[PDB]
């Protein structure tokens, strides 16, 4: 999949495209409707399916450091776009271009001159141009004859509007199950594993993996979650009895540095391993409990054992729910 | 108007004075009663009207960094004193002098030896001398024969006690209208304009002016306010269509750095300007709304347009209320 | 009293001991039951009475920077142990040894090989060995024949469980009287006195002593307390009219730096002194009031005088309660 | 003078203009040659004299926080351009536009479509377009009359923003001033320091951010002016008069810079006012003091030396202020 | 290869082993002599080749934050040991064990009870036990065949972790590489910088913590490789190919280090990928730039010099990468 | 000894006194001449010997955070004054009083009204009143008998707070001690470091703020004393005995100072105790270590050198401690 930063990086000999445009933060189920429609039309006419997206977040251009939390990193947005069949992503920076352009010139410059589009797919909530004057309705009238426009309704399901906003609200409440339901997959983060408390292995109380994430990353509320930890493909040696590319059952503690840097510390069920130096994916399945303070090692280990018990039950159920479950996983029936 | 720092800076040949003594933070309507009485008596007897005030705040001498927030800067206290007819301000630093003096020696040294006063005006709540032993009643008895004393009742109006404390409470609640009512003018701050989000001009979403204030400055609660922005007299060129010395209608967003440094970002109605490098006065008129987070540029601009609508209405009313309104102003009837 | 850090520092020719094992944070009334039983048995058999304790806190090994607040410093734990008749303290660091040992090998290595114990005294809640598998019951069965075991019930009195946890809860609520009741003494801190607001002496509003404590130190909730300040033995000269080794009546303000560094500022009743450079012990007796903000020096001094009035009453009562009262004290009947 | 941020801010009805282009940092004597040529032409033809300049500094776009120190602020660059008769400044941000463009489309977009220029004045070192391909040579060929002006050499010294920054960093403010064609200055609010009659408390305390070019740490002779204000002044100073001053430039150790001004023969405290400090000559390097007696002695010597140096500056009145206060002795 | 943290992590059923012991920082050519001897023996006897190493660095236990800079990370130490055929690494933390022990009980506890060693390979400088009393001499007497290998001297230079750190600190990466027996490298994620087609925006921006040994600030010729990934790549680079690159090493002033790579003749942005940067030779010391023209000119000269140096590296292909991209000219 | 903060704290019924005035930082041998003369007179006449001193340092009032480093703390200044027989110290804060006053009213307010002095002893360098106008000369004329004592010169060296600070900054503690008339020392609480029997873990770890004068970074021979306490001591040290020690002075890089004491032939941990560290002579400059073997070797050499130097100090017993512990060998 091609990735272009700014209109000037798009190949001049681009022949034809079907285009979808949006922030696409999270690539949730509504976003997938736009992408699927774009891919389908591109196939039909023998064109490239192109996503136009935005980095930095358009809100951050007006209100620096008050933009919405990123449901996914830009990199994972690319990975998700590719997985749903996008052939190219054009990333637009509103501090560089297209911020002060009229709706008419926006379409002329972006859709026609740059992308040579024959079809554009946008959500009902789409806006564009100076002071957000262009709407989904405007785009339909501006693109009369010149190219076909498919405006897709926002997705309402089980009485909830699926949007980046609603996914962020679920995460903030610790309702990862509802977040997952709206995303169409397990919410996840990926990152390197650092040195933490003790060394991973025989001690139940030392995490298998310690990670830190910056305060622009959307994470579930502080607490303990059932989930799956996967060591991403690697030839580096692994300390202990975990293999790369397998989803291992884990109890995951999300915390906040006492400093809004967040910690994600994973306790892998029934395994003795230390994952320092590896890149790992952590997917969240369900909430287990709120954070609490411990007054003794005995009490700490007791609560950890209960976390393991409930995690095992939640994950045994997740494996059945199954469109989301991992293809290759490890979960023991008991300790 | 003369400004003296410490008793030693007062001219030795000072002939005669009528004196008022207090912190005078805010120079609110009660303070104005003390000042007006002092100016009147000074005129009658051909004397100088002198304010004795205190910097740092007397509370900060005992409890550093727990003094009350400054309603105005010391500099603006001077400007306000001058505007009500004070001829000289004596600024006393309790870390340097007069902290451990008996009431008797306080009067002897300050009022007689230093200021050569024939009249003193104080509020009913006045205290002085070591461990605050001197009261308004004490001053009357100590100054028998030697000089006349006028003790003025604290101001109660519309069932509220007008004091620096009550003004601070109104500001903290976001009730700038009540603060203004107690002050007898629009609450304001002045400062240099810095570089902020984007550049001021055609974009409705970029502030016309970005400012920052230290955490010792009393400001209204975080939120959006209707008010007036004035570029103070200057020969420096101005980017865009604002002229110096005119009060321009503005929607003002008061925020807090996510760090208790406060931001004041002003969106000037119907103008396209960037005020970087200029000193500006921002006066607050009324509360418009609480702060909120924005999930899209469309939503942000929508709320900003509603802020403008309500600001225009509040300011059209302010112009009529009129003892406070600015003498030279710009406010369009519509966008 | 001997203090050994780690098993390797214990004398190889140690002949015989009666041992008690625990964190012992606070050396509260329950802890004293364990210590008293250990001292008694050691005397009976002509052995050394040994405390095995832990630093860092065992919880901090698993959850760094989330361990419980220290009721006392390690140093004061030593001082308290000595005062109840302990002959030696062995300090174990679980990052260095005994963390991953089986219960059987824990007893073999620590109690037999290192301490040559003939008797061990533990609380009903005692655990030991890898993943806390050893209990008070396990210890009894493991030590069959080899050495006698006395397991002492946790102390319940007046419907409260006396534990380090309950003492910490009382302190956090500002209930120093209940904390004191559980400890069997006045809760106290000791530290050097630094330069603070003004200089101690004639001014009622300047503290006699300013102190700061790190955020790992358990202190009562922010507010004002009645208590006793003692200058610890010293030949250094003392500014003002306080003598070393006398408990002086004081109103103590506990605060928090606006930074979780805590301040303890003591206003010594009826004394004029500045304690810069001295080490001082501050013991808490009862809560007087919550913290408040002051808008004037008059108001500040008024509240301070009321603090003195209530402090004098609370301390006059404390002197009668008397098992805790200080042996040598200064408290005037009136100002 | 108008100020436009970006090409889209420029009025569409701009009928005609004479344009000069450059960073113009310091608006030194070489820059004045370009501006003077641009203004003379415009006033001759009744057209607007336009300066195209750059913020952030073009280097900082490639190397953030490794750009050269600002000889003046952008605000003072506007003030100086206006003082030399420029009618409009267009400020270009290379992170927003005119970066990836070729020389051909740079000239078409900027000079023709945006500014409708009939005349353009540039330095011999001028470059433009992607990879700095465009040169003063490349501009001439593309038609719009083009005046290319040699870089200024005087007394064997190349006058450039670089050579001015060198003089300042070395503490040689006299040479800096000679290259600038005026006294180097900074302007800013006065903050609280230590308050007067006492010789050792500064009349004014100021701090500056680390991107501001200042002379090397040391003591300098200069002039302090209170900028026009109706606000009251504590002590015996009046606004809009240049007062003789010994100026101590320092660094906050363990690079926020301090500029503390001791005004000669005046007893005043300038807290809250905006003040202009112009530097005339170097007096001495920084030193540490072990007693008050020593400090006050060296300060009296700073004053003596300052009087002499400023007396000379007044006589060679080309750069001296028009209304000033300076006593011959205490 | 297995990795065991502490003696208690080692399998109890470890029947037999050939062991080498040391800090092994950098796994330089002297270290390879020890590892090669340990591996040859084990493969001969069908036993496990074991490396006992130390984290934290033994010096840091006595002098926290005064330990020598890490030539490689502990992770790269594992990767290198595995590359030379080591079957297990035992990592010892001296704050947990083997510190207060005598030489006798060190050997008994570590080599006999834990590793069941029949052969041990150590450097002539090896010491152990409390107060570094144990020596290579003291090890021989205690029976387990012991091979003590002289420290490596080549071309009149002692090859040690110390001499490698010296070469790096001086900017002499060529000599560092000669002592290492490979190109010195670092690996890490690429972060955001300034985004391409523009020569002056780096292809990849990286930062490193202050315990990482890096060459002296300056510009170096090297190779950048995108580590194996299925993630998409922006621009015309493929994973697992070594691309020619001019690498600028810098320091965040007022010691976080930056490593910014300008990949020759490629237009790409490697944000979010993990990248290996190997250093071949020094090009130039750091310098400041006063214009874009100057910056781009020096960058073109960096590219020219880099092409030449890398051409030489390719020819002397002992340390050169197996699959690489390098153009003879623009 | 009484301690009064400000003139208003002094008892009104103070009937008579002999006064000395000065900063008295370090209470060096020149200061002792003034104090001795003041005490002898008072004890002769049965009056109080009074020292008027200054906090903050008078320089810091003019130049905050540019004052000279404190040779001792104010607390140790009180302790030293008391040790030389001073009956009261009056501490003057120049930001509170005696600043704007003339020489005449300074003497009237301080010496007559406040202290009721019949005798005053000052150094030849003494100044007072606004702008340091008052001198030792100006004091004599104003009647109160006045003894002005020359500054101390010995072995061709001027003994002053300045020359003591110079010796310390250079690492020449022997010369500092000679000028002081005692071993230079600091006192403070011992904090946690790395815990013993191990030679390389310090017996005591301390930190000091950046206003404390300390010798240059390096290793020194000295004595460590645990100050009187009933608190238990871990290991084989007793309170109130001076133990031989190798003392490492260091700086927290990227200026908090460390003082880490390795007590000879003792196995102890002094966490939580207050400790006095006195410096006798310089052993070596700081160096970096690349191995534990090297570190322990140099530490053994530090111990050997320390034994020799302290043996000499004991013999020339004028500055040596009265009760000490020092072994001739391990």
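In this document, chain identifiers A, B, C, D, E and F correspond to the written order of the chains, with residue numbering beginning at 1 in each.
Going forward, contacts are C-beta pairs under 8 Å (C-beta built on N, C-alpha and C of every residue); 3 or more make two chains touch, one makes a residue touch a chain.
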{"item": "Touching both chain A and chain E (chains)", "value": "C, D"}
{"item": "Rigid-body rotation angle, chain F and chain D, from Cα fit (steps of 5°)", "value": "120"}
{"item": "Selected interface, E-F versus C-F, where C-beta contact pairs are more numerous", "value": "C-F"}
{"item": "Most distant chain from chain D by Cα centroid", "value": "C"}
{"item": "Rounded Å distance, chain A centre to chain C centre (Cα mean)", "value": "50"}
{"item": "Distance from chain D to chain B - Cα centre to Cα centre, in angstrom", "value": "34"}
{"item": "Residues of chain B touching at least two other chains", "value": "8, 95, 100, 202"}
{"item": "Graph class of chain-chain contacts, one of line, ring, star, complete, other", "value": "other"}
{"item": "Contacting residues of chain F [partner chain E, same complex]", "value": "194, 197-201, 253-254, 288-293, 295-297"}
{"item": "Chain D residues within the chain A interface of the complex", "value": "8, 95-96, 100"}
{"item": "Chain C residues within the chain F interface of the complex", "value": "1-5, 8-9, 73-75, 78-79, 82, 192, 199-202, 233, 235-240, 274, 276-277, 279"}
{"item": "Sites on chain C touched by chain A in the complex", "value": "23, 58-59, 61-66, 68, 95, 99-100, 125, 127, 130-132, 163-165, 168"}
